[PDB]
Amino acid sequence: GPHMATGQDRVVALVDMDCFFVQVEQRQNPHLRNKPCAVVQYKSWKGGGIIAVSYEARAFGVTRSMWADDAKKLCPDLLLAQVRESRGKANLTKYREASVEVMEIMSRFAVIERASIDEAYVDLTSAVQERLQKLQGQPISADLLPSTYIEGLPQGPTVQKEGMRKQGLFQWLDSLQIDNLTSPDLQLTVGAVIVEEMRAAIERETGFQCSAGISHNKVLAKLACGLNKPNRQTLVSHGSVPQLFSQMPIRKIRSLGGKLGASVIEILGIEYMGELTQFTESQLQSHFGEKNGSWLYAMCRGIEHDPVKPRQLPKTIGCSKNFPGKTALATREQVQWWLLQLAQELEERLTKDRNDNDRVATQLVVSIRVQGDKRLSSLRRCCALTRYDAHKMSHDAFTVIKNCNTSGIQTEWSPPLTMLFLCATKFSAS
DNA sequence: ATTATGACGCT
DNA sequence: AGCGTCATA
Ligand SMILES: [Ca+2]
Ligand SMILES: [Mn+2]
Ligand SMILES: [Mn+2]
């Protein structure tokens, strides 16, 4: 009852750019705007692999991971933008720099956690308190929430999408307890007002549109964000969770999309997140471990305490390339040339990082895959990263992997290598 | 031949 | 440390 924590102490948002690499290319090339279009890497093999898809193209059934030749079968007028190639590999610099544009704007509002190239979490708890005292107990107008959905509304006793959105928003605002500075629903609402402002700032200053979720923790904020994309934001209140979770497939919740989520489903014989409430914490811990069990017990009730980490910059800088099928590297000269290509891009990014961010990487991680191995990585070895020099890094990388060569012939490499990966880690301030 | 990443957990 | 899981464009 009175001592039952309800996980309503924070206001957390997740902001995620719509079709992000597509928007980056559409900003650059106005001919691609408002068209079915996609971003592709490489070209020779089946027109290249698709990694981002505009909402116009999604309407034709175009998806990520599709070959462009195959996407063209669904959407013959599909427009394509190719990822840059440098040193024989895809180079994602344009998108990393565009990401920085967005992250720097968000950081003006609050501490952010960079969660991917195109999204960040925001802890808005403090900003909400300040906006609340500024408002002087004044009601919140629907005009301050022009792109917000309230999940679960309208309900109770119009056939247009925007009309439904407004109906739900009106019901929500009509009910609001604006006299209480500590009502969690009011706090989320003010959070949503700030996120409208954040999203308006991002679009004004970059041209990029985004969606957002506003809730009491990161998992619900992430889930909320996807409920009404593109170019909209969704408030998921504590109260909305039972109905929301009652038909929510378990795999939709962050961290349950894989083997663990599959095991929750199989072992417990359930399908939806809400069904987890019928197990004791000990029962869940017995099947899924102490940490996962406690997390599941609280999460199915809408409660999670994972903090928004103060981290705007990536913790690692990596360069990787696959060498599929017949392109697998079979000679020492081959392996060494590509290590050099990778190491040269890595040096470029590392040197830029050192100047921009006042830090230095101190460890080099080298990873490879061998033909025949199903695993993403076959072997991972580390060595010291003492100098930002590509020739040294590539020589060092070779030294730590060269004994993987099962060939009796030195010149040859067996089994052939189907992936190389160089990753700079363990940064220290400089 | 689904590619290039990046964070974090386990032992 | 090296490996595995889960995640996003
Ligand atoms: Ca996105
Ligand atoms: Mn994203
Ligand atoms: Mn996506």
Side-chain angles (χ1 to χ4, degrees), chain A residues 14 16-25 38-54 63-71 81-86 89-96 98-99 102 113-121 208 218-219 222 225-226 251-263 288-292 295 306 309 311 313-328 342 345-346 349 363 365-369 371 373-383 400-401 418-426:
Chain A
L14 184 269
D16 186 88
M17 315 300 298
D18 300 334
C19 58
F20 182 47
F21 288 13
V22 161
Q23 286 200 87
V24 175
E25 298 295 335
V39 173
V40 69
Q41 52 192 10
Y42 305 116
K43 258 284 176 170
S44 315
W45 189 265
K46 297 177 169 187
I50 289 178
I51 60 173
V53 189
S54 79
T63 62
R64 162 172 305 130
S65 94
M66 205 165 263
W67 298 114
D69 286 345
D70 292 337
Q82 323 182 150
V83 174
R84 175 175 169 186
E85 274 172 60
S86 308
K89 66 182 293 298
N91 188 299
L92 305 177
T93 295
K94 187 195 304 181
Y95 313 107
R96 289 192 185 100
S99 180
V102 172
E113 177 184 342
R114 181 202 198 265
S116 76
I117 196 165
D118 91 317
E119 74 209 78
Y121 297 92
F208 302 145
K218 290 160 60 173
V219 161
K222 176 59 167 169
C225 183
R251 73 185 173 271
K252 300 301 180 172
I253 278 64
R254 198 196 75 196
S255 80
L256 300 179
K259 290 177 182 190
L260 174 61
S263 68
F288 311 114
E290 184 178 326
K291 205 169 81 97
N292 286 336
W295 180 84
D306 189 36
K309 328 282 239 177
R311 182 189 66 246
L313 309 172
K315 293 191 171 193
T316 60
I317 296 187
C319 293
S320 64
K321 186 167 174 44
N322 292 351
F323 304 92
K326 273 226 169 188
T327 67
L342 282 184
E345 174 183 335
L346 189 59
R349 286 162 63 189
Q363 193 179 68
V365 169
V366 186
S367 185
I368 67 175
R369 195 190 177 189
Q371 211 155 55
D373 198 325
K374 165 160 182 175
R375 304 175 291 172
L376 168 139
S377 164
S378 293
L379 174 126
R380 180 189 180 274
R381 296 285 195 268
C382 67
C383 64
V400 310
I401 68 159
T418 54
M419 183 276 293
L420 297 178
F421 185 23
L422 298 177
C423 187
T425 68
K426 295 193 187 312

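Chain identifiers are assigned alphabetically (A, B, ...) following the order of the sequence lines, protein sequences preceding nucleic acid strands; residue numbering begins at 1 within each chain.
The listed nucleotides are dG2(C), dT2(B), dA9(C); the one nearest the side chain of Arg381(A) is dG2(C). Distances were taken from every side-chain heavy atom of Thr327(A) (C-beta onward) to each of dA9(C), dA1(B), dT3(B); the shortest belongs to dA1(B). Nearest nucleotide to the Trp67(A) side chain, out of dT2(B), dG2(C), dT8(C): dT2(B). The listed nucleotides are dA4(B), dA9(C), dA1(B); the one nearest the side chain of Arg64(A) is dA9(C).
The aromatic rings of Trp67(A) and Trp45(A) lie perpendicular to each other, with more than 60° between the two planes, well past the 30° mark.
With no hydrogens or angles considered, a side-chain donor-acceptor pair links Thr425(A) and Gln363(A) at under 3.5 Å.
Between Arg251(A) atom CZ and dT5(C) atom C1' the separation is 18 Å, expressed in whole Å. Atom pair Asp18(A):CG and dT8(C):P shows a separation of 15 Å (rounding to whole Å applied). With rounding to whole Å, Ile50(A) atom CD1 is found 14 Å from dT2(B) atom P. We find that CE of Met419(A) is positioned 15 Å from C1' of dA1(B), with the value rounded to whole Å. In this structure, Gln82(A) places its CD atom 15 Å from P of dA4(B), rounding to the nearest Å. Distance CH2 (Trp45(A)) to P (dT2(B)): 8 Å, rounded to an integer number of Å. The distance between atom CG of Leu420(A) and atom P of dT3(B), rounded to the nearest whole Å, is 14 Å. In this structure, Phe288(A) atom CZ and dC6(C) atom P are separated by 13 Å, rounded to whole Å.
Counting heavy-atom neighbours within 6.0 Å of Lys94(A) NZ, excluding the residue itself, gives a total above 12. In the displayed structure, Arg96(A) atom CZ is contacted under 6.0 Å by more than 12 heavy atoms of other residues, nucleotides or ligands.
Contact annotation: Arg380(A) does not reach the phosphate of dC3(C) (side-chain N/O to OP1 or OP2, under 4.0 Å). The side chain of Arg375(A) contributes an N or O atom lying less than 4.0 Å from OP1 or OP2 of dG4(C). Put simply, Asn322(A) has no side-chain N or O that comes within less than 4.0 Å of OP1 or OP2 on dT2(B).
For the side-chain hydrogen bond (donor to acceptor under 3.5 Å, both in side chains) test, no residue two or more places apart in sequence or in another chain qualifies with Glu85(A).
Here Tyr95(A) does not pack flat against the base of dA9(C), since the 5.5 angstrom centre distance and 30 degree tilt limits are not both met.
The same atom, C1', is picked in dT2(B) and in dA7(C); the two are 15 Å apart, to the nearest Å.
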* Reading nucleotides 5-11 of chain B 5' to 3', which nucleotides get B (base under 4.0 Å from a protein heavy atom), which S (sugar-phosphate only), which -? -> BSSSS--

* To do: Dump the intermediate steps for side chain to side chain contact (heavy atoms under 4.5 Å, CB included) on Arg349(A) and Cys319(A), then the final yes or no.
  => CA-CA 10 Å; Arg349(A) 286 162 63 189; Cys319(A) 293; 3.4 Å; yes

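Taken to the nearest 0.5 Å, the CD1 atom of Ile253(A) stands 12.0 Å off from the CG atom of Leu260(A).
At a threshold of 4.0 angstrom between heavy atoms, the contacts of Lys94(A) with the nucleic acid are absent. Residue contacts for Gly258(A): at a heavy-atom cut-off of 4.0 Å it reaches the sugar-phosphate backbone alone, with no base atom in range.
Here the rule is salt bridge (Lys or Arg N to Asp or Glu O under 4.0 Å) with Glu119(A), and of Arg254(A), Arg114(A), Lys222(A) only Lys222(A) fits it.
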